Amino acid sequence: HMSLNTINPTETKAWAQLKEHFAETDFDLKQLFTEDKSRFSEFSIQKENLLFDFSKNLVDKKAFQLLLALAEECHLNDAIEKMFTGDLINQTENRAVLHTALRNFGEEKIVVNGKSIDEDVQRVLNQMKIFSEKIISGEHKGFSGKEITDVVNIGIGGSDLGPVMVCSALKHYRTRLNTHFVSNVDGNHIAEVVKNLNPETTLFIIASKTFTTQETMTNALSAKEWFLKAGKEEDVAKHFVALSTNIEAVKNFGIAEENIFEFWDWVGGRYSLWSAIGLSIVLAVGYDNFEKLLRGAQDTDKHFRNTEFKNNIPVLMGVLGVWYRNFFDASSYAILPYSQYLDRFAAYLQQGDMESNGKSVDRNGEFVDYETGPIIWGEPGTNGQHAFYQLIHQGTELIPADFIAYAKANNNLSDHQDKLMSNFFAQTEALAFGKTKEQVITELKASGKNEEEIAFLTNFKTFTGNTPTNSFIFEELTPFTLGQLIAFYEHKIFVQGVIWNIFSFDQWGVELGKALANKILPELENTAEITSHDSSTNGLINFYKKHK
């Protein structure tokens, strides 16, 4: 069952010479730079208002061209077109993978089961546009005749993370509407969210692709019950909308068909904010800004699709991460956005990347014996510098990172941006080159320490450097540039998926937790000593019954 080609990466001629080049070459950033005054010019891409500098990576020309060779030898070009043109590359679920079509604005006709999809895509977009104008303008009144003031999106993972992150990121572009985000099945979540809300002016969005997810549906029914303390059941259709592929199950909720915002099974959850799932974003910043978001993604789309690999930003991002993950044995990749607007960006890439490539079986049905998806993590700068950058600078862990920044602040205050930016430049410079023993002894003598102090202290103040980083400079955080930046990583994950020879678009690994939880749920509701599992699950459960 093959669509995408199934070339095992550890078998290519490129992987061989990469294994050989790594084995016989020290990659010392300070060296690579001292040897070559043009290193930055050679190892960066300046696409219009965007600088992607990959020169602080642990690569020389040879490793660089060999990693390009590997993507070519894994037939990456073939894979790109299979995705964009709608081949059923999600083979285990027999699905196409067409989040790119969600933002192509009808410039391409993609056919799925003999059906052009762009009519469908633009219909829902225009549907989100007309709906949202009526909420924002205040033409769409709640049941007592008041304007909606508050929008509560309800969903989990793919139905939560993207709307959260984007709305958080584009807070400068906000409408009048307040947005709120219920996700956890923990009832304290919706309880705290609605606590100061008014059901006369609150609009609920039930985002669930399947519309069967336990967390979402429980939150939906709590939102309904909460709403029904003030409203009538015939009023549900005025305050509840749904974003799903499951129009039948939605309609049973009391949500009107007209307010079902459809998307499709070739839109993965973690790639869905571009679709109907983006509606909370539509209401949060208006549709014009949402189109600007989809346009930024399409520009990355076009760039990834047509640009030769040496100049292809997501391809470089992808092959560089394979380098660190499989050759430098690095288990993690840090995501360090120097902007408080990107406070939920690392969290979003956690699902997009790790749920996509957290696999250990190849497209052939075979267990892999090489590492696949890494651990994605981070916090914004400069905040991270005061949490975990100590470990990056001086721990035992090799942690490659992406440092993401903007030349311009949407809110420019005194010297804030230049100070922010001064850290952005310094931390990748410090991570790359460190500070040597002689550099340390010099600062210590100048500090007036006696040789005994100097002796004891030198190693604790040394930085061996040699942490690799990518640096992104966009000009300004807008919907467009955010659309670019998200789609860069989307295509990073695709690239790495193609090379690693896995399926980036299924998620069979969630099923066992779901099943075991369905067995335990009724067990917690009765009053019996539970003995049906292992001794730990038995103990945890019975302890909970005595203290619930």
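Start at 1 with the first residue shown and count on from there.
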Exercise for the section: Pick between 18 to 26 and 536 to 544: the one whose mean CA B-factor in the entry is higher. Expected result: 18 to 26
Completion exercise
Mean B factor on CA atoms, stretches 289 to 297 and 365 to 373, record says higher is 365 to 373
Fill in the blank from the handout: Comparing C-alpha B-factors across 350, 246, 382, 356 in this entry, the winner is 246
Problem - Which of 394, 259, 116, 104 ranks first by CA B-factor in the deposited coordinates - result: 116
Problem - Record-listed C-alpha B factor of residue 506: chain third - result: lowest
Handout entry: Chain third (lowest, middle, highest) by recorded CA B-factor, residue given as residue 346
Key = middle
Exercise for the section: Report the third (lowest, middle or highest) to which the CA temperature factor of residue 159 belongs, ranking only the modelled residues of the same chain. Expected result: lowest
Exercise for the section: Could you look up the Cα B-factor of residue 492 in the entry and say which third of the chain it sits in: lowest, middle or highest? Expected result: lowest
Fill in the blank from the handout: Of the three thirds of the chain ranked by Cα temperature factor, residue 111 occupies the highest
